[PDB]
Amino acid sequence: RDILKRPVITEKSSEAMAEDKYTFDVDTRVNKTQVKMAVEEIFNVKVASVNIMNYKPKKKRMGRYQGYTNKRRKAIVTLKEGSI
Amino acid sequence: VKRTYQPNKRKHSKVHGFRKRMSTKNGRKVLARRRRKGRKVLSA
Amino acid sequence: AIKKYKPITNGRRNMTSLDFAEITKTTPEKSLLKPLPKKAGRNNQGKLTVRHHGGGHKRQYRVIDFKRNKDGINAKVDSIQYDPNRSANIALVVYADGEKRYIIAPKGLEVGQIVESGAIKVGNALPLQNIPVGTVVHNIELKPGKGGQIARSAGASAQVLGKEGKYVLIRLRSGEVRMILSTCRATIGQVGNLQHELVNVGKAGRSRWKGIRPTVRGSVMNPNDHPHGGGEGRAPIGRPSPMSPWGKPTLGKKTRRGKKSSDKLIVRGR
RNA sequence: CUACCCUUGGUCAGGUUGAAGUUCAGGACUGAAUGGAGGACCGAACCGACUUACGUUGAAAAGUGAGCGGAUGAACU
RNA sequence: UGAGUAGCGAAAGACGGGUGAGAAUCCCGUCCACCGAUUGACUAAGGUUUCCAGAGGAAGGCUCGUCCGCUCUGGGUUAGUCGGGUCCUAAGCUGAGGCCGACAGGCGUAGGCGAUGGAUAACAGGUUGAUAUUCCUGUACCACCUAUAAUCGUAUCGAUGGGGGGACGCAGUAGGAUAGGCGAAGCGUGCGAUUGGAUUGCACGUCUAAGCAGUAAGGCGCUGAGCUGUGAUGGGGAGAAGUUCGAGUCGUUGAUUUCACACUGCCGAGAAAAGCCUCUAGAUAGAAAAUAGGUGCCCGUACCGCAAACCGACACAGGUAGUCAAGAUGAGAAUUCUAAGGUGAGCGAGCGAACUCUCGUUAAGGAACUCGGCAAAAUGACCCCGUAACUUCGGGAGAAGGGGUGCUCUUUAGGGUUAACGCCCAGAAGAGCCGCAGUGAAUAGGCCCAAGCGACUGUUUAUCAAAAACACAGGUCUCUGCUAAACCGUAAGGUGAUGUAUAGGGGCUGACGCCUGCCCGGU
RNA sequence: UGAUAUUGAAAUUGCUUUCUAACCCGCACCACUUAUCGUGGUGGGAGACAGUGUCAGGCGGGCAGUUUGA
């Protein structure tokens, strides 16, 4: 399904790209099993494993007034066959 | 010296939480009276 | 009997423990124990309604049977034991077809006895309509089938006086002479562990690990805490009578409502 | 926070003395060993707050320095 | 205004070189000093993004600032096994029915929630500026699914029911073992310019879970058992050498760890439920040993955590649970100097006035001070002698009062371990050498004679009173026969008590010894 | 502590005794139901008494409001 929302392209994301591990921001309510079937449906690849982590919302100002960012969910799938 | 506020999330929610206000006639009065004033935070 | 202690500090100087050579085994029978958390003078509302209770060692409640109901099956005393929560000792009695129970041990008990409506010697438990006059019994019932309540502490006993047609006249240990319904069981003998009276607890610490807290005298409280109140320096009672903490004459006055239905059963006073 | 209680846990460097009991030898009692009791003893952690100094628009709306008391218990947590 | 006044929050910095508009403060470096039963390492709570990188210096920072826990821009938290849930239950809470009650509602049964306890499968090494039993490498184990399965058949599954177990206090020594520590063998580097020495000098000396045995002790031919040896491991770390190489020893000491609440003693008599294993009810009917594969959810994980990040309005001498815990000296977690690792205190520079504070010494005297020896001095450690009255026979007692202690060298019964050698712990005595002084520093009882109070240990006015006050063991009087009395509540319901007159409540007194006289007008 | 309602039936004398169906039992056993609760039944005990309602007298610093002159 469309639980996968964004690819992560950071220094550490690209660094782990070398190890054949890919990162995504997924919806805040999914397992690491729904992420697995989702990636295997979309990219037609075999998944070796998938880690997952939650980030707090962190408060950001940009002006007079305060407020948090969004709580986000950072999944990391290790491929077994193919790439991307 | 040991001061009077010693923070504790479990106690704070057990004694002032939402579910503990929704359990009394008077807790419900408390929440209604905070909505009459229009508070942002009802419970704690 | 009680065993003295040599005065090696100030606190074992005048202090006697109880010897426990009538005790056989020190660990209890696991099948009969029950938890027993300390409700330290607090009732269901959470408030202190009986003073001077609190603390003390842990306890495991032993299921003692006071019913003493069996179809005239034999028994056999395994072993006397210690019970942390009554003055008397208890005895593990095994029945013929294999049951385990605790009796309150009367003095001089290792034999192995029975329960029935008619046997009698020390240990047995039979109805008061089969006990001759002058006998001393213990652990008497008051209603037919509830277990025994009267004469149940350590060193207790009760003589069977004469008998009515439906009642038997018991003399309690307080001098109470009473009619008891003639189908209420009672056990033969006196309740052992007779030395308990003579023990000298010897120090405030030993009083304090039996669940007894300090009893402040009302004469040193303030006027809003006790009728014996304040007064500069030590004052006397300064009232016609002494009073309890709650404003009741605490000396001499009869406070017996009871139930006002034993009054056709209570011949003598105390 | 504080006062008491309930349930469940944890902590208490080290050293000294030597109760019953017991066993050996004697003759109920003696001496030697063994034993290791106690709101026992000296003393750090820990818990207190006795005395004096300082501080008192304080480092602190009750503290600090030097000494001080309890330290297997009615202990502390 | 006070006023350019008080304060700038315990403490050691110095210098060189950088960077820069600007340097006591920022970066680096060398030296110096401080902690080191902690100013170090790891964690619970709590905080909640403060963590990291690159820029910034208007505000915050008690000065400065090029710097920062601050501003901006980007990032960073990875789990079948770690701590919780998909397990269990204490206290407590909630409680359909139910009982009680002007309403609101109280109480409470079946049941449920509820950890601080029980149960429960993964360890070692590497890695990045930021994670790390999570990633990666290596080697495992657990639950479930699937196929092949040698050997199918009252063979399997077995209740939410029965049973056993789990399952438990407190002290005391004794023992095993191991961690760790110390000392000499094997390695690895250096080998000196100030007199000398080259037997000299530094630094290192292994490693998991799991799986194979088998093992002090312990309990009842069984159950549990630290531990050790082996492969794991031709692997990894490794002081140091030039991607290729490199040692890993016996000796002694040994815990507060662990066998282990084991054994023994005591009295104050020391959780529950499940997982677990059984038995039949009852489902009538597989293979677990094996071969191969496969799946394994949610939540936390960053950082600080004796603290500049938590609680005190502060970047505040205060408070904050638990774990590890080295060397020399020692009884020792004491004192003093160091290790590991970490810090140099977020205002300085002068001059060395009064006065205040902290600290040292003082001729002669020695409490003459003062309300009062308050404060300060003094004593103080270990081995030795010696030790009064009095006494409840325990004590007083460390009574009091005195002596000794350094280093060297000789002789010399000793203890432990060892096949001995060899280490390890204790000395006697004798001869000497030094000094003003020998527990040469630090740490560490002043005592005695009497009187009053309280018997004692203990408690008390958080924040001016710690005592003679309170408690206390003991005495006594009194009420209460059990749906007990007494207390809470309007009542239900409770506590007393799953106790029952050798018990329970209340009043007074307060160890122990000897005693406790008279009166019933009156209340 | 009395009167009276719940509250009946017999006897000697309003007083007194007896007795069961009320009412009552923190008595036992059974069923709800693998519940020291509750309800129902059965046995036992007590018994027209207790408990409760309305009226009345008394005690009553246990608690309450108050007064205590210039």
# chains A, B, ... in the order shown; residues from 1 in each chain; ligands from 1

call {"tool": "closest_atom_pairs", "arguments": {"of": "chain E", "to": "chain B", "cutoff": "10 Å", "atoms": "only C-alpha atoms (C1' of nucleotides)", "output": "CSV"}}
result
residue,atom,partner,partner_atom,distance
E:45,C1',B:8,CA,7.7
E:46,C1',B:7,CA,6.5
E:47,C1',B:7,CA,9.9
E:104,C1',B:25,CA,8.0
E:105,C1',B:25,CA,9.8
E:310,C1',B:7,CA,9.1
E:311,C1',B:6,CA,6.1
E:312,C1',B:3,CA,6.6
E:318,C1',B:1,CA,5.5
E:319,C1',B:2,CA,4.8
E:320,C1',B:2,CA,8.6

call {"tool": "write_last_selection", "arguments": {"atoms": "N, CA and C atoms (P, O5', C5', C4', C3', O3' and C1' of nucleotides)", "output": "PDB file, in the first residue's frame"}}
result
ATOM      1  P     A E  45      13.357   4.852  34.314  1.00  0.00           P
ATOM      2  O5'   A E  45      13.164   5.967  35.436  1.00  0.00           O
ATOM      3  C5'   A E  45      11.963   6.025  36.187  1.00  0.00           C
ATOM      4  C4'   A E  45      12.010   7.076  37.268  1.00  0.00           C
ATOM      5  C3'   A E  45      11.590   8.478  36.872  1.00  0.00           C
ATOM      6  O3'   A E  45      10.185   8.633  36.849  1.00  0.00           O
ATOM      7  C1'   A E  45      13.554   8.567  38.184  1.00  0.00           C
ATOM      8  P     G E  46       9.470   9.351  35.612  1.00  0.00           P
ATOM      9  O5'   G E  46      10.017  10.841  35.669  1.00  0.00           O
ATOM     10  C5'   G E  46      10.034  11.563  36.883  1.00  0.00           C
ATOM     11  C4'   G E  46      10.932  12.771  36.797  1.00  0.00           C
ATOM     12  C3'   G E  46      10.928  13.531  35.484  1.00  0.00           C
ATOM     13  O3'   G E  46       9.799  14.364  35.307  1.00  0.00           O
ATOM     14  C1'   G E  46      13.143  13.235  36.178  1.00  0.00           C
ATOM     15  P     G E  47       9.444  14.903  33.841  1.00  0.00           P
ATOM     16  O5'   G E  47      10.765  15.652  33.371  1.00  0.00           O
ATOM     17  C5'   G E  47      11.119  16.906  33.929  1.00  0.00           C
ATOM     18  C4'   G E  47      12.356  17.488  33.292  1.00  0.00           C
ATOM     19  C3'   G E  47      12.253  17.875  31.832  1.00  0.00           C
ATOM     20  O3'   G E  47      11.586  19.107  31.638  1.00  0.00           O
ATOM     21  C1'   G E  47      14.290  16.745  32.218  1.00  0.00           C
ATOM     22  P     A E 104     -28.997   9.161  42.951  1.00  0.00           P
ATOM     23  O5'   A E 104     -27.876  10.279  43.097  1.00  0.00           O
ATOM     24  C5'   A E 104     -27.661  11.237  42.074  1.00  0.00           C
ATOM     25  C4'   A E 104     -26.512  12.149  42.409  1.00  0.00           C
ATOM     26  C3'   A E 104     -25.164  11.474  42.598  1.00  0.00           C
ATOM     27  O3'   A E 104     -24.493  11.218  41.377  1.00  0.00           O
ATOM     28  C1'   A E 104     -25.567  12.915  44.411  1.00  0.00           C
ATOM     29  P     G E 105     -23.739   9.821  41.128  1.00  0.00           P
ATOM     30  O5'   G E 105     -23.406   9.284  42.586  1.00  0.00           O
ATOM     31  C5'   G E 105     -22.232   9.682  43.277  1.00  0.00           C
ATOM     32  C4'   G E 105     -22.402   9.482  44.759  1.00  0.00           C
ATOM     33  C3'   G E 105     -21.728   8.262  45.367  1.00  0.00           C
ATOM     34  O3'   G E 105     -20.351   8.449  45.649  1.00  0.00           O
ATOM     35  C1'   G E 105     -23.963   8.359  46.092  1.00  0.00           C
ATOM     36  P     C E 310      17.233  20.677  34.199  1.00  0.00           P
ATOM     37  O5'   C E 310      16.843  19.497  35.177  1.00  0.00           O
ATOM     38  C5'   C E 310      16.211  18.326  34.694  1.00  0.00           C
ATOM     39  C4'   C E 310      15.835  17.424  35.834  1.00  0.00           C
ATOM     40  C3'   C E 310      15.209  18.131  37.019  1.00  0.00           C
ATOM     41  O3'   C E 310      13.829  18.358  36.845  1.00  0.00           O
ATOM     42  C1'   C E 310      16.904  16.679  37.772  1.00  0.00           C
ATOM     43  P     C E 311      13.159  19.687  37.418  1.00  0.00           P
ATOM     44  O5'   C E 311      13.220  19.475  38.985  1.00  0.00           O
ATOM     45  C5'   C E 311      12.072  19.082  39.707  1.00  0.00           C
ATOM     46  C4'   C E 311      12.266  19.300  41.178  1.00  0.00           C
ATOM     47  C3'   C E 311      12.401  20.739  41.618  1.00  0.00           C
ATOM     48  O3'   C E 311      11.171  21.429  41.694  1.00  0.00           O
ATOM     49  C1'   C E 311      14.080  19.462  42.641  1.00  0.00           C
ATOM     50  P     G E 312      11.156  23.028  41.577  1.00  0.00           P
ATOM     51  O5'   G E 312      12.000  23.505  42.838  1.00  0.00           O
ATOM     52  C5'   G E 312      12.611  24.783  42.880  1.00  0.00           C
ATOM     53  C4'   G E 312      13.388  24.975  44.157  1.00  0.00           C
ATOM     54  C3'   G E 312      14.126  26.294  44.305  1.00  0.00           C
ATOM     55  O3'   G E 312      13.283  27.333  44.762  1.00  0.00           O
ATOM     56  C1'   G E 312      15.562  24.514  44.888  1.00  0.00           C
ATOM     57  P     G E 318      26.704  21.727  48.295  1.00  0.00           P
ATOM     58  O5'   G E 318      25.385  22.221  49.033  1.00  0.00           O
ATOM     59  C5'   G E 318      25.154  21.941  50.403  1.00  0.00           C
ATOM     60  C4'   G E 318      23.682  21.935  50.714  1.00  0.00           C
ATOM     61  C3'   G E 318      22.946  20.660  50.356  1.00  0.00           C
ATOM     62  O3'   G E 318      23.075  19.657  51.345  1.00  0.00           O
ATOM     63  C1'   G E 318      21.754  22.501  49.508  1.00  0.00           C
ATOM     64  P     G E 319      23.341  18.137  50.923  1.00  0.00           P
ATOM     65  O5'   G E 319      21.937  17.649  50.366  1.00  0.00           O
ATOM     66  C5'   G E 319      20.813  17.509  51.222  1.00  0.00           C
ATOM     67  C4'   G E 319      19.600  17.045  50.456  1.00  0.00           C
ATOM     68  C3'   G E 319      19.791  15.815  49.586  1.00  0.00           C
ATOM     69  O3'   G E 319      19.676  14.604  50.306  1.00  0.00           O
ATOM     70  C1'   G E 319      18.729  17.494  48.333  1.00  0.00           C
ATOM     71  P     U E 320      20.589  13.350  49.915  1.00  0.00           P
ATOM     72  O5'   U E 320      20.026  12.900  48.507  1.00  0.00           O
ATOM     73  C5'   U E 320      18.679  12.492  48.366  1.00  0.00           C
ATOM     74  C4'   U E 320      18.373  12.151  46.937  1.00  0.00           C
ATOM     75  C3'   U E 320      19.378  11.244  46.256  1.00  0.00           C
ATOM     76  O3'   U E 320      19.181   9.875  46.570  1.00  0.00           O
ATOM     77  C1'   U E 320      18.843  13.064  44.838  1.00  0.00           C
TER      78        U E 320
END

call {"tool": "residues_around", "arguments": {"residues": "region 106-109 of chain C", "least_positions_apart": "5", "cutoff": "7 Å", "atoms": "only C-alpha atoms (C1' of nucleotides)", "output": "list in words"}}
result
residues 123, 189, 190, 191, 192 and 193 of chain C

call {"tool": "closest_atom_pairs", "arguments": {"of": "chain D", "to": "chain B", "cutoff": "10 Å", "atoms": "only C-alpha atoms (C1' of nucleotides)", "output": "Markdown table"}}
result
| residue | atom | partner | partner_atom | distance |
| --- | --- | --- | --- | --- |
| D:1 | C1' | B:4 | CA | 4.1 |
| D:2 | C1' | B:4 | CA | 9.4 |
| D:60 | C1' | B:1 | CA | 9.4 |
| D:62 | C1' | B:1 | CA | 9.1 |
| D:63 | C1' | B:1 | CA | 9.5 |

call {"tool": "closest_atom_pairs", "arguments": {"of": "chain E", "to": "chain C", "cutoff": "9 Å", "atoms": "only C-alpha atoms (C1' of nucleotides)", "output": "Markdown table"}}
result
| residue | atom | partner | partner_atom | distance |
| --- | --- | --- | --- | --- |
| E:91 | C1' | C:37 | CA | 8.5 |
| E:169 | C1' | C:58 | CA | 8.6 |
| E:268 | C1' | C:57 | CA | 6.3 |
| E:269 | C1' | C:84 | CA | 6.1 |
| E:270 | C1' | C:58 | CA | 6.0 |
| E:271 | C1' | C:35 | CA | 6.7 |
| E:272 | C1' | C:35 | CA | 7.9 |
| E:392 | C1' | C:7 | CA | 8.0 |
| E:394 | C1' | C:8 | CA | 4.7 |
| E:395 | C1' | C:8 | CA | 8.3 |
| E:456 | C1' | C:10 | CA | 5.2 |
| E:457 | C1' | C:11 | CA | 7.8 |
| E:458 | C1' | C:204 | CA | 8.7 |
| E:470 | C1' | C:216 | CA | 7.8 |
| E:471 | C1' | C:214 | CA | 6.1 |
| E:472 | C1' | C:204 | CA | 5.1 |
| E:473 | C1' | C:203 | CA | 4.4 |
| E:474 | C1' | C:202 | CA | 8.4 |
| E:477 | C1' | C:251 | CA | 7.8 |
| E:478 | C1' | C:251 | CA | 4.9 |
| E:479 | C1' | C:254 | CA | 6.5 |
| E:480 | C1' | C:256 | CA | 7.5 |
| E:481 | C1' | C:176 | CA | 7.2 |
| E:482 | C1' | C:149 | CA | 7.7 |
| E:483 | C1' | C:259 | CA | 7.9 |
| E:484 | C1' | C:258 | CA | 6.8 |
| E:485 | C1' | C:256 | CA | 7.1 |
| E:486 | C1' | C:50 | CA | 8.1 |
| E:487 | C1' | C:49 | CA | 4.6 |
| E:488 | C1' | C:49 | CA | 6.0 |
| E:489 | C1' | C:45 | CA | 8.8 |
| E:493 | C1' | C:44 | CA | 8.0 |
| E:494 | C1' | C:43 | CA | 5.4 |
| E:495 | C1' | C:43 | CA | 4.5 |
| E:496 | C1' | C:50 | CA | 6.7 |
| E:498 | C1' | C:61 | CA | 8.1 |
| E:499 | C1' | C:86 | CA | 7.2 |
| E:500 | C1' | C:149 | CA | 5.9 |
| E:501 | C1' | C:174 | CA | 6.0 |
| E:502 | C1' | C:197 | CA | 4.4 |
| E:503 | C1' | C:153 | CA | 7.1 |
| E:505 | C1' | C:50 | CA | 8.6 |
| E:506 | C1' | C:250 | CA | 5.4 |
| E:507 | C1' | C:242 | CA | 6.1 |
| E:508 | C1' | C:217 | CA | 8.4 |
| E:511 | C1' | C:14 | CA | 8.2 |
| E:512 | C1' | C:14 | CA | 8.3 |
| E:523 | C1' | C:240 | CA | 6.2 |

call {"tool": "residues_around", "arguments": {"residues": "region 49-62 of chain F", "least_positions_apart": "5", "cutoff": "9 Å", "atoms": "only C-alpha atoms (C1' of nucleotides)", "output": "list in words"}}
result
residues 246, 247, 248, 259, 260 and 261 of chain C; 1, 2, 3, 4, 5, 6, 23 and 24 of chain F

call {"tool": "select_by_dssp", "arguments": {"residues": "chain A", "states": "helix (DSSP H, G or I)", "output": "PyMOL selection string"}}
result
chain A and resi 11-17+34-43

call {"tool": "closest_atom_pairs", "arguments": {"of": "chain A", "to": "chain E", "cutoff": "8 Å", "atoms": "only C-alpha atoms (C1' of nucleotides)", "output": "Markdown table"}}
result
| residue | atom | partner | partner_atom | distance |
| --- | --- | --- | --- | --- |
| A:10 | CA | E:75 | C1' | 7.8 |
| A:31 | CA | E:297 | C1' | 7.3 |
| A:51 | CA | E:78 | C1' | 5.2 |
| A:52 | CA | E:78 | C1' | 6.0 |
| A:53 | CA | E:78 | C1' | 6.3 |
| A:55 | CA | E:77 | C1' | 7.6 |
| A:58 | CA | E:49 | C1' | 6.6 |
| A:76 | CA | E:78 | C1' | 7.6 |

call {"tool": "interface_residues", "arguments": {"of": "chain C", "to": "chain F", "cutoff": "7 Å", "atoms": "only C-alpha atoms (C1' of nucleotides)", "output": "MDAnalysis selection string"}}
result
chainID C and resid 143:146 247

call {"tool": "closest_residue", "arguments": {"among": "C:67, C:211, C:22, C:167", "to": "chain D", "atoms": "only C-alpha atoms (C1' of nucleotides)"}}
result
C:211

call {"tool": "residues_around", "arguments": {"residues": "residue 133 (chain C)", "least_positions_apart": "6", "cutoff": "7 Å", "atoms": "only C-alpha atoms (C1' of nucleotides)", "output": "list in words"}}
result
residues 160, 161 and 162 of chain C

call {"tool": "write_last_selection", "arguments": {"atoms": "C-alpha atoms", "output": "PDB file, in the first residue's frame"}}
result
ATOM      1  CA  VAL C 160     -19.419 -28.383  83.267  1.00  0.00           C
ATOM      2  CA  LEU C 161     -21.797 -27.687  86.143  1.00  0.00           C
ATOM      3  CA  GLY C 162     -25.194 -29.385  86.298  1.00  0.00           C
TER       4      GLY C 162
END

call {"tool": "atom_distance", "arguments": {"atom1": "CA of residue 92 (chain C)", "atom2": "CA of residue 77 (chain C)"}}
result
5.9 Å

call {"tool": "residues_around", "arguments": {"residues": "residue 113 (chain E)", "least_positions_apart": "2", "cutoff": "12 Å", "atoms": "only C-alpha atoms (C1' of nucleotides)", "output": "list in words"}}
result
residues 89, 92, 93, 94, 95 and 111 of chain E

call {"tool": "write_last_selection", "arguments": {"atoms": "C-alpha atoms (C1' of nucleotides)", "output": "PDB file, in the first residue's frame"}}
result
ATOM      1  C1'   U E  89       0.043 -12.108  41.261  1.00  0.00           C
ATOM      2  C1'   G E  92      -4.451  -0.978  46.887  1.00  0.00           C
ATOM      3  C1'   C E  93      -8.148   0.259  43.193  1.00  0.00           C
ATOM      4  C1'   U E  94     -12.498  -1.016  40.343  1.00  0.00           C
ATOM      5  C1'   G E  95     -16.457  -4.260  40.913  1.00  0.00           C
ATOM      6  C1'   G E 111     -14.123 -10.894  37.785  1.00  0.00           C
TER       7        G E 111
END

call {"tool": "residues_around", "arguments": {"residues": "residue 42 (chain B)", "least_positions_apart": "4", "cutoff": "8 Å", "atoms": "only C-alpha atoms (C1' of nucleotides)", "output": "ChimeraX atom specification"}}
result
/B:18,31,34-35

call {"tool": "write_last_selection", "arguments": {"atoms": "N, CA, C and O atoms", "output": "mmCIF file, in the first residue's frame"}}
result
data_model
loop_
_atom_site.group_PDB
_atom_site.id
_atom_site.type_symbol
_atom_site.label_atom_id
_atom_site.label_comp_id
_atom_site.auth_asym_id
_atom_site.auth_seq_id
_atom_site.Cartn_x
_atom_site.Cartn_y
_atom_site.Cartn_z
ATOM 1 N N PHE B 18 -6.841 12.784 33.035
ATOM 2 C CA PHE B 18 -8.187 12.928 32.494
ATOM 3 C C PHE B 18 -9.095 11.835 33.021
ATOM 4 O O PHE B 18 -10.194 12.111 33.504
ATOM 5 N N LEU B 31 -13.832 19.622 34.783
ATOM 6 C CA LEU B 31 -13.564 19.739 33.355
ATOM 7 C C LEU B 31 -14.558 20.673 32.683
ATOM 8 O O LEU B 31 -14.182 21.472 31.816
ATOM 9 N N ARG B 34 -13.527 24.186 33.428
ATOM 10 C CA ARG B 34 -12.385 24.646 32.645
ATOM 11 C C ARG B 34 -12.761 24.901 31.194
ATOM 12 O O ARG B 34 -12.142 25.744 30.543
ATOM 13 N N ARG B 35 -13.755 24.184 30.668
ATOM 14 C CA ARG B 35 -14.242 24.480 29.322
ATOM 15 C C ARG B 35 -15.091 25.748 29.283
ATOM 16 O O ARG B 35 -15.123 26.434 28.258
#
